[PDB]
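Just the one chain here, the form solved without the RNA, laid out as structure tokens.
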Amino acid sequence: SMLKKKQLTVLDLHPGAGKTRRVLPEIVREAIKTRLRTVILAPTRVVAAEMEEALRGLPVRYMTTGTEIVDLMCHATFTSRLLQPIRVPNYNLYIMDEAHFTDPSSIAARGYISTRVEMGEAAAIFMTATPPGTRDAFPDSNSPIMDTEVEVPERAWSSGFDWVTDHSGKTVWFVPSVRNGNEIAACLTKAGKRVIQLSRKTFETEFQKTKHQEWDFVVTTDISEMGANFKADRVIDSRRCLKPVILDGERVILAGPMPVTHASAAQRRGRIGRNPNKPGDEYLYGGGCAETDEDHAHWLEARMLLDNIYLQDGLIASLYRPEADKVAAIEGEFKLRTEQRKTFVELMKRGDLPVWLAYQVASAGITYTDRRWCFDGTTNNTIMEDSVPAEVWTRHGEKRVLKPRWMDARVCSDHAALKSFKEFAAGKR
């Protein structure tokens, strides 16, 4: 149709308008009719699976871990394939759903895609109700939403918030961190509620439980802003988030809790008011928003990824321009030689290390299986487990205090992350 190359379109209908399950299949059917080599990009594998069914019997290859011109994969999968030697089709049409996702792989993907549009080699469609720079925390909905500013608990409580537990419906509660969510969920559970906790690490297995089991509360991080569907009538929003910040170019901290963006607030609010024959959904929020970023590490990490993706001779892809000033970096300053790039990739995939940390280790000429850097840092880089120095048994047979040469707070911000990094340090993966 007008997928006739040459162009980037931002489909920005209000939340719940039918972008993912009404408009998306229409575009795919058009793309197949016009025989365009197309890729579909979902934010998560959970959402990718729900797209399988909305794309009823259409020739779509699902690269989710014949005459097949149309691919479906998640944001991170797409970006991950671009970094590897493994061949990626120069698609004629790029479709990114939930294109507001601010994770490094999603930022990198938007940059790569938009760059391909500018070069005149492809068309692109970014689907999101909240494009970069939106200041509207209260967009349109299918049904009226009762918006109420309240004092939202960020700690366990024994009194003062009756309205929280005095609610017979189902509530989605956005928290700024996993650990904060743990405390709130434990309080709700003790008060007799059934609670499901969602985070980025647990999402792909815990989200499916929000359907096939009963629940009163979902306590979730900002991961549920990316196309997550709940049968709920209430959203409690702390309006808080944590921001990864690179300090003095030498370490990453998790600053906050801190005001979420208008986009995030709109996406959080947008979890309800979706049912057209159902008014009464409430959005209860505990504070204001802010354009917080620009020292947000994710956009620098996105640059690290994009610098190591090849398009054609000497060419480095630009960030999607509405996002391009979110970071102070020179394009190509993180480009690694091919051997270092390989280590960089493995550290992110098999190593499951944050992009920033993986770059530090790889650019220092360290091989993937060399874990000495996990112990030879300054003593202020010491990682604590419950107010006591965390220790692992090394591959060489010593009990060493975990003390990484480069400190990234994301490797120990909760128990699951610490367990994973402790295992990485012991050379177990």
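So that the term is clear: the rigid core is the largest set of C-alpha atoms that superpose within 1.5 Å between two forms. Quick note: we count residues from 1 along the sequence shown, nothing fancier.
Unmodelled stretch separating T65 from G66: 4 to 9 residues (count of deposited-sequence residues without coordinates). Stretches 207-215 and 317-325 differ in mean CA B factor, with 207-215 having the higher one. Averaged over Cα atoms, the B-factor as recorded in the entry is higher for 70-78 than for the other of 352-360 and 70-78. When the C-alpha B-factors of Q197, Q340, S105, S238 are read from the PDB record, the largest value belongs to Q340. Of the candidates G249, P85, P257, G332, the one whose C-alpha carries the top B factor in the deposited record is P85. The PDB entry assigns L13 a C-alpha temperature factor belonging to the middle third of its chain's modelled residues. In the deposited entry, the Cα temperature factor of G160 sits in the middle third of values across the chain's modelled residues. Among the modelled residues of its chain, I27 has a C-alpha B-factor that falls in the middle third according to the deposited record. Annotation for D222: CA B-factor lies in the lowest third of the chain's modelled residues.
Per the PDB record, residue ranking by Cα B-factor puts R405 in the middle third of the chain.
Absent from the display: the form deposited with the RNA bound. The rest refers to it.
None of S177, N308, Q197, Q340 but one reaches within 4.5 angstroms of the RNA in the bound PDB entry through a heavy atom, and that residue is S177. A single residue from the set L83, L254, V117, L188 has any heavy atom within 4.5 angstroms of the RNA in the bound PDB entry; that residue is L254. Mapping the unseen interface onto this chain, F101 counts among the residues with a heavy atom inside 4.5 Å of the RNA in the bound PDB entry. When contacts are judged by a 4.5 Å heavy atom cut-off, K170 does not count as touching the RNA in the bound PDB entry.
Interface membership of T221, defined by any non-hydrogen atom within 4.5 Å of the RNA in the bound PDB entry, is confirmed. Using a 4.5 angstroms limit between non-hydrogen atoms, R371 is distant from the RNA in the bound PDB entry. No member of the trio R21, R234 and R271 reaches the RNA in the bound PDB entry with any non-hydrogen atom inside 4.5 Å. With the RNA left out of view, the stretch that reaches within 4.5 Å of it through heavy atoms in the bound PDB entry is, among 158-166, 332-340, 319-327, 74-82, 74-82. Residues from 340-364 that approach the RNA in the bound PDB entry with a non-hydrogen atom closer than or equal to 4.5 Å are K349, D352, in the order they occur in the chain.
Among the residues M226, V355, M96, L300, the single one whose Cα moves by at least 2 Å between the shown form and the other one, once the core is superposed, is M226. Once both forms are overlaid on the rigid core, the distance between the two CA positions of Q84 between the shown form and the other one is under 2 angstroms. A movement of the C-alpha atom of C74 falling short of 2 angstroms is seen between the shown form and the other one when the two forms are aligned on their rigid core.
Fitting the two forms on the rigid core leaves the C-alpha of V260 displaced by under 2 angstroms between the shown form and the other one.
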